[PDB]
Amino acid sequence: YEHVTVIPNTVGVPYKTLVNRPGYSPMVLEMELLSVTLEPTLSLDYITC
Amino acid sequence: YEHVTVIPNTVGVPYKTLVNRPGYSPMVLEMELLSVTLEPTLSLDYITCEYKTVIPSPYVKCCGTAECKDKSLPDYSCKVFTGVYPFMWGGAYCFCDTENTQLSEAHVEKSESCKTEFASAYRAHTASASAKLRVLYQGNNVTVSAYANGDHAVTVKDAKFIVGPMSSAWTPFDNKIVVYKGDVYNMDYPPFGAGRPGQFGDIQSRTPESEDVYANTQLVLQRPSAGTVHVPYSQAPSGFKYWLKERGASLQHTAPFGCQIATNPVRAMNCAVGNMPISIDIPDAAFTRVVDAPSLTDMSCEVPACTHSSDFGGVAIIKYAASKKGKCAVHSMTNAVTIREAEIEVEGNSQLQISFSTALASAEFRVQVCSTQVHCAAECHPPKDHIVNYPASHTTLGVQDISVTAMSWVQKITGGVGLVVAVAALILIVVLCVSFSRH
């Protein structure tokens, strides 16, 4: 059963979301971004020294 | 006590029927068709099989003419060729290279394989029905197995069952059948003694072991190639061996109404066609008196969730107060809702749970527990499946009727436009009334 939600991109703040599926008691998930990591793809031009 | 009811002819769906005997606690039967079998009456018109063409050594008359003698063999053909001069391995068979003749003759017969590689062409007059049925009676399963002709009563656990005949006498077989091992075909096969070359029935015989043969293969003998002793001929190749490559699909794969087909003896099975009457003479010892059963009161019916999911996708809790401990029957008074449970055990002030199945987008329905008849409604979510591997356990819906609570926009527009029409008619009536009262 797929559920989809948008959490704010804030690290260390826990967000609740509700999976309100018919025929079942509704399920609450808590999730929290522990880190988000934008590594750039990165090409060397030259050394200076 | 003879109860009588009609179940749909659909195999593998359990149906619930209410035995509401006057002055007794109500009784409920679950019953399921396990298999319905239609077996036609078969008369064999003929066998067909691969022919063998029989060609004895050609008689080469040296130095003169042989002549044809006609004979009664199944496709006998004969010829005399003049001016032959054949060589054996060591030299010419004849003294002179002229005046010789070859008498060539042939016929056709059944192969010796016709005892095992044959197809049988049958006429299929009409079909005796049979049914195997499971019934849940006195709270336990029992299986009954009876000819579904509306006769041949069967007794088990002291009830007597009489079943059929069905509303539709339909069968997948045409009047003309042909069978080959596991396969049976609606083929309008040619008459016996009138089959044509290179088609099904180019050779025919009344039974696999019959001495007689009809053959029509258009066997034509041809003048032998110079110097050789052979018998060449032109003939249409076996119409049986051509039919085996060109059959198409057996009724097992093509028949209507989802039926299976099998061939020893030949039967159609499990056709979803029409409906079946069933009647059950149950003994008075099956019932219990209306006061000896639990009597129920202060009933309330609640519906935790509903989905119209073919599989008992809704569940309902009934709160009740009941006078004594014991088993008690349950039934649904609304045809659009089927309940799985036939009976329950009841005592005290407590609650019971039932699982239920429906097409309805808002399931409003009336449930009966021993003559006590509670009402409830529910709001139904559609299922997420798109398709499933089992037939619908709920009754079909009359698509215009039983539309949702919260369709009440239909009453808002019918009422609102109804008021505008009624006001315009009332205004027309009063101005008609005063302008008529001015005359």
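In the PDB header, cryo-EM is given as the technique by which the entry was determined, and 3.3 Å as its resolution.

Undergrad: Go over the overall build of chain B, please, and point to the residues and values.
TA: Looking only at helices and strands, chain B has three helices and 29 strands in total. With the C-alpha coordinates aligned to their principal axes, the bounding extent of chain B is approximately 125 × 75 × 45 Å. Out of the 439 residues in chain B, the part that is buried amounts to 40%. As displayed, chain B has an accessible area near 24000 Å², and 54% of this comes from carbon and sulfur atoms. Taking the 33 positively charged and 39 negatively charged side chains of chain B as two groups, their mean positions are separated by 2 Å.

Undergrad: Account for the overall build of chain A, naming residues and giving values.
TA: For chain A, the count of helices and strands is zero helices and two strands. Projected onto the principal axes, the alpha-carbon positions of chain A cover approximately 65 × 20 × 10 Å. In chain A, which comprises 49 residues, the share counted as buried stands at 4%. For chain A, contacts bridging at least 24 residues in sequence account for 17% of all contacts bridging at least 6. Accessible surface for chain A amounts to roughly 4800 Å². Of this, 56% is attributable to carbon and sulfur atoms.

Undergrad: Requested: an account of the pattern of salt bridges, with residues and values cited.
TA: When the charged atoms of two side chains with opposite charge come close together, those side chains can pair. All names here are of chain B. Summed over all chains, the structure comprises 19 salt bridges over all chains. Put simply, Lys 327 and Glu 345 hold a salt bridge, and the shortest N to O gap is 2.7 Å. Of the two residues, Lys 327 sits in strand β23 (residues 326-332) while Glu 345 sits in strand β25 (residues 343-346), which places them 18 residues apart along the sequence. Each of the salt bridges in this network shares a partner with another, and the network as a whole consists of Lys 16, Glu 30, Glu 32 and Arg 134.

Undergrad: An account of the pairing of strand β11 (residues 159-163) of chain B is needed here, citing residue identities and associated values.
TA: Residues and elements named next belong to chain B. Side chains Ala 159, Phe 161 and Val 163 of β11 all project onto a buried face; the interleaved residues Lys 160 and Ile 162 project onto a face where none is buried. Strand direction decides the pairing type here: strand β10 (residues 154-156) and β11, joined by three bridges, are antiparallel. Bridge pairing links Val 156 to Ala 159 in β11. Bridge count between β11 and strand β20 (residues 275-281): four bridges; the pairing is antiparallel. Bridge assignment links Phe 161 to a residue of β20, and that residue is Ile 280.

Undergrad: Talk me through the nonpolar core; I want residue IDs and the actual numbers.
TA: Residues and elements named next belong to chain B. Residues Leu 29, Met 31, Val 135, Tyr 137, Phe 173, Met 276 and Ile 282 are the most contacted members of the largest nonpolar core, which totals 43 residues. Elements represented by at least two residues in this core include exactly β3 (27-49), β8 (118-137), β9 (140-147), β11, β12 (176-180), β19 (266-269) and β20. Excluding residues within four positions of it along the chain, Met 276 makes contact with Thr 5, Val 6, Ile 7, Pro 8, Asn 9, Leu 33, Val 36, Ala 131, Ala 148, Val 163, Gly 164 and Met 166. Ranked by size, the runner-up nonpolar core spans 29 residues in total, among them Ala 293, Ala 336, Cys 370 and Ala 378.

Undergrad: Pulling in residues and values, what's your account of the sheet that holds β10(B)?
TA: All names here are of chain B. With antiparallel pairing, the four strands of this open sheet are ordered in space as β1-β20-β11-β10. Whereas interior strands pair on both sides, the edge strands pair on one side only; in this sheet they are β1 (2-8) and β10. If you compare each strand with its neighbour and ignore which way they point, the axes differ by 25° on average.

Undergrad: Quick one: what's the story with helix α1 (residues 239-246) of chain B, residue by residue and with numbers?
TA: An α-helix turns once per 3.6 residues; consequently, residues spaced three or four apart project the same way. All names here are of chain B. Those residues of α1 lying buried are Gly 239, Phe 240 and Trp 243. Looking straight down α1, one finds its buried side chains confined to an arc of 100°; they lie on one side. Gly 248 sits one or two positions beyond α1 and adopts a positive phi of about 75°.

Undergrad: Describe the sheet that holds strand β24 (residues 337-339) of chain B, naming the residues involved and giving the relevant values.
TA: Residues and elements named next belong to chain B. As summarised here, the arrangement of the five strands in space is β24-β26-β22-β21-β29, forming an open sheet in which the pairing is mixed. Single-partner strands in this sheet number two, and they are β24 and β29 (380-381). Bridge count for strand β21 (residues 296-307) against strand β22 (residues 314-322) is seven bridges, and the pairing is antiparallel. Bridge pairing in β22 links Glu 302 to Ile 317.

Undergrad: Help me get a handle on a nonpolar patch on the surface, residues and values and all.
TA: A cluster of nonpolar side chains, contributed by B:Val423, B:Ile427, B:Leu428, B:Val430, B:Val431 and B:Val434, occupies part of the molecular surface with about 520 Å² of accessible area. Along the chain, B:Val431 falls in helix α3 (residues 409-437).

Undergrad: Go over the environment of B:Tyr233 with me, naming the residues and quoting the values.
TA: Residues and elements named next belong to chain B. On the secondary structure map, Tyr 233 appears in strand β17 (residues 233-234). Among the residues examined, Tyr 233 registers a relative accessible area of 34% and is labelled partly exposed. In this structure, the C-alpha to C-alpha distance between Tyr 233 and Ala 106, residues 127 residues apart in sequence, is 9.2 Å. Those residues in contact with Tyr 233 that lie beyond four places of it in its chain are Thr 53, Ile 55, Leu 219, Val 220, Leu 221 and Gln 222.

Procedures and definitions
- Residues numbered from 1 in each chain as written, not as in the entry; some residues may be left out.
- Chains lettered and ligands numbered in written order.
- Part of a larger assembly, values for the part shown.
- Heavy atoms only, no water.
- Helix = DSSP H or I, 4+ residues; strand = E, 2+ residues; numbered from the N terminus.
- Buried < 20%, exposed > 50% of the residue type's maximum accessible area, 1.4 Å probe, protein only.
- Areas by Shrake-Rupley, 256 points an atom, 1.4 Å probe, with all protein chains shown as cover.
- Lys, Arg positive; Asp, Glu negative; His and termini not counted.
- Charge placed at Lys NZ, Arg CZ, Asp CG, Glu CD.
- Contact = heavy atoms within 4.5 Å.
- Salt bridge = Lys/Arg side-chain N within 4 Å of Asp/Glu carboxyl O.
- Pairing = 2+ DSSP bridges.
- Core = buried A, V, L, I, M, F, W, Y, C linked by side-chain atoms within 4.5 Å.
- Axes fitted to C-alpha atoms, helices over the stretch in contact; angles between N-to-C directions.
- Arc of directions from axis to C-beta.
- Patch = residues over 30% accessible without salt bridge, like charges linked within 9 Å, V, L, I, M, F, W, Y side chains within 5 Å.

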